[PDB]
C-alpha cells in the first residue's frame, strides 16, 4: 500500500493524519508515519514533557490536570458562523467531529480595557475626557481601533474588502486610491508592495503609529507586514466573530486528534504511528522520490540512514524549515538530486513572511489580588449577567498586555488564579531573553540550541517574576513600590517562542510579495523549480496560510493540500470560504 510521511506533530501534521484516515484517503494496508522532534503527552499524564502540540500548550498549575490552567501557547478561536460565512470553519468542524463541542465556552474580553500609557492610567471608555498622552490630534480622544479603521480606509479606498474572497483579491490587486495623499507613496501604488508600518507612519506620523502600537487590541498587528493584507485585517471590515475557548484547554483538541486518528485507523486497517524525540534532519528529491534522514532529539544534527517516501508533509514553520535546509545547503549532494528546500524560488517564497518573536509568562496566584478593593486601577472584568471577562489590560511597557484567567478549573482543585503576561516584538526580544537565566548564573546553553518551548514551559527565574510583579504594580497601583503588595506566585513559568525550532510567535505576510501566489505555490515546492519533476513534498502550517496566528491556518493549508494534491473531498463549505486565496 501507500506510505504517508508527516514531519511535525503540531496542529497541521496531526490534522493531516486525522483527515487522511477519517476522510478515507488512507485505506486498509496504508501507513501514516508521524515524526515529532519533541515529546508531547499524547497518552495521558506521564506520557510526555508537556501537553501537545507545537505552539498550542495548555499548562496546568502543578502539572495537575484538575487545576486552573493558562494557555502557554494559542488560547482561543472564533466559532464558525455558517450564516455569516465567517470564523474558524475547520477548527469549529474538527471540535464538533472530535466530540468536544460540549466543552466550548465564551472567551469574553472587557469593553473597557485599562490603558497604561506614558505613566498615565486611562480606561478606554474615558479617552474622550482623559486624552491619551500622544501628540496625535483627533486620534488621542478615540480608541486606537478608530485610527486603525481610518488608516485601513485610506489604503482600501472604494475596494470591496468585506468577504474573505474580496480580501484575498485585494492582496494581489489592491491599490492605494487615486485620492491617496502622501509625499512617499503615489496614488494607485500596489498595496502589497508597501510596509504597513511604513505607510501607517507616513499617514498618521510617529505619534499616531506609537499610539496605535501601544493602545491597540491583541487583534491589532502594527508590524511592518504586507500593507494590502494588514489594511483588510485591521480595518472596519476585518474578519470577526465570537471568541470561544475549549473548557479544559485547547491542548485536548490535539490529544483527541491523535487518539481519535489512532481509533479510526484501527477500525480502517490503517497503520498510524507517532515516533517522538525524532526529527527530520535533511530532505531532498530524486525526481518524484523524497529522500530523507532522521535525527534523535539527543543528537539532533547527525542524520541516520537515508530513507525514501513518495508522500512527505513538512508540517513545520519557517525557522524549522531553515534548520532542515541548512543540513543540505552546504553539502555535495548525490548526482541526479534536487536540494528542494535550497532552490532559489523556494528560498525566495519562504521569505514571503516576516517573523514576530513572542514570550509568555504564566503566573498562578493563591488569590485574585487584582480584584482587591484598594487596587487603585483594577481591570474592569465585571459583567452583569454572564461571568467575569479575561481583560486585557494594555500598556506601552515591555509587558505589552495582561490577561486574567483567574480560576478556570472545574472548581475541584485548590483554587489558584492565573495571569498571562505578554511580551512581543523585535523591539523587546533582547529585553526579555536575559530574564531567562538566574542572576547568579552564567548562560550554559547556546541560544540557538535552547529548545525550551519544545520541552515545555520553563520555571520563571526570581528576576523574571520580580520584573513581572514590578510591571503589574505600575499598571495596577502606579507605584513600583506596590510590587511588595502582590502575593508571590505559587507557580510561574514561561514560553519564549523566539527560540528554535519555532523562531517566532507569529508569521505575517511580507510586503513585496504576491501573497496568493506564495500561498498557492509554496505548498508543493517542486512547482517553484523550473523543469523539476513534480513530487508529493508539501509545506503546510499556519505560516503560509490566510489565517496566520490561528490554528485555522494550519488546518486550512493542510486541507488545501489534501484537496489539491490528493483529490480529497473537503469537510468545509468552501462556497464563501476559500481555504487559501486563489489567484
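Numbering follows the first chain given and starts at 1.
- Two stretches are in play, 204 to 212 and 160 to 168, and the higher mean C-alpha B-factor belongs to 160 to 168.
- In this entry, 68 to 76 has the higher mean Cα B-factor, the comparison being between 68 to 76 and 118 to 126.
- Of the candidates 296, 109, 461, 427, it is 109 whose Cα B-factor is highest according to the PDB record.
- Looking at 344, 339, 496, 410, the one whose CA carries the top B-factor in the deposited record is 410.
- Per the deposited record, the Cα B-factor of residue 62 falls in the highest third when ranked against the other modelled residues of its chain.
- In the deposited entry, the Cα temperature factor of residue 291 places it in the middle third of its chain's modelled residues.
- In the deposited entry, the Cα temperature factor of residue 573 places it in the highest third of its chain's modelled residues.
- When the modelled residues of the chain are ordered by C-alpha B-factor, residue 561 sits in the lowest third.
- Residue 281: CA B factor lies in the lowest third for its chain, per the PDB record.
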